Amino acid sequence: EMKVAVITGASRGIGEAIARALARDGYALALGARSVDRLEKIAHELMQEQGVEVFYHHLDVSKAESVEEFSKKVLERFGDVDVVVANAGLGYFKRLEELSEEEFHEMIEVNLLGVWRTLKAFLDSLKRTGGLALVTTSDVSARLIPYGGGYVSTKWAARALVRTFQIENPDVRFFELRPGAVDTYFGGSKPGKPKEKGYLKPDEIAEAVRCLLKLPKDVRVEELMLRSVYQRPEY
């Protein structure tokens, strides 16, 4: 009955919330992010309050060697994984002619290459377990926004990447999670922004994920798009 979920970008925001939600269902957790202090704090709480096993380890998804070491340590700790949540991501918002090389490169390294690295590192394991890879892209993985050129392009790329992984690995389930705006640290912000300004809360997203992950193993949830009623419905 014991299942193992790996979560990237677990130190805050959506990733943290998903960790907390899956802990409620008794998942063992492997948490990765650059802020190891945050991971430790979350881990100790979940271990004691939810009675689950938690492993955490430094992870920078922009670095090939970091992802490889992280996956090695996770697989060593738990054996094969059942769920991989490739959630780490970031956004800089500027007109395309104003966006810097540095900003564009960072979004590519995390939102696209980071996802690719995360999924390929755990792919053999998921194939064995008929597991589930959930990737947090964005509602903008299939639409456009002004000032979003760099960010949006990487999320469109991530959507193609996930679907290609799916075609190439029909023994694994790939789940594209497409939230609208969420009240996190995303975009250089901080949590505490009211729903009415057009924000979902991370715990809401995490509850949607948790209950969908309760579906039988032969159900493949491929796409979920959800936004605040206070976010204008744009396509």
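We number the residues from 1 along the sequence you see.
Between 163-171 and 203-211, the higher mean Cα B-factor belongs to 203-211. Looking at 39-47 and 189-197 together, the entry lists the larger mean B-factor for 189-197, computed on C-alpha atoms. Comparing the listed residues 101, 98, 139, 109, the entry records the largest Cα B-factor for 98. The entry lists a Cα temperature factor for residue 12 that places it in the middle third of the chain's modelled residues. Sort the modelled residues of the chain by CA B factor and residue 21 lands in the middle third.
In the deposited entry, the Cα temperature factor of residue 57 places it in the highest third of its chain's modelled residues. In this PDB entry, the Cα temperature factor of residue 33 sits in the top third of its chain's modelled residues, the highest group. Residue 227: CA B factor in the lowest third of modelled residues in this chain (values from the PDB entry).
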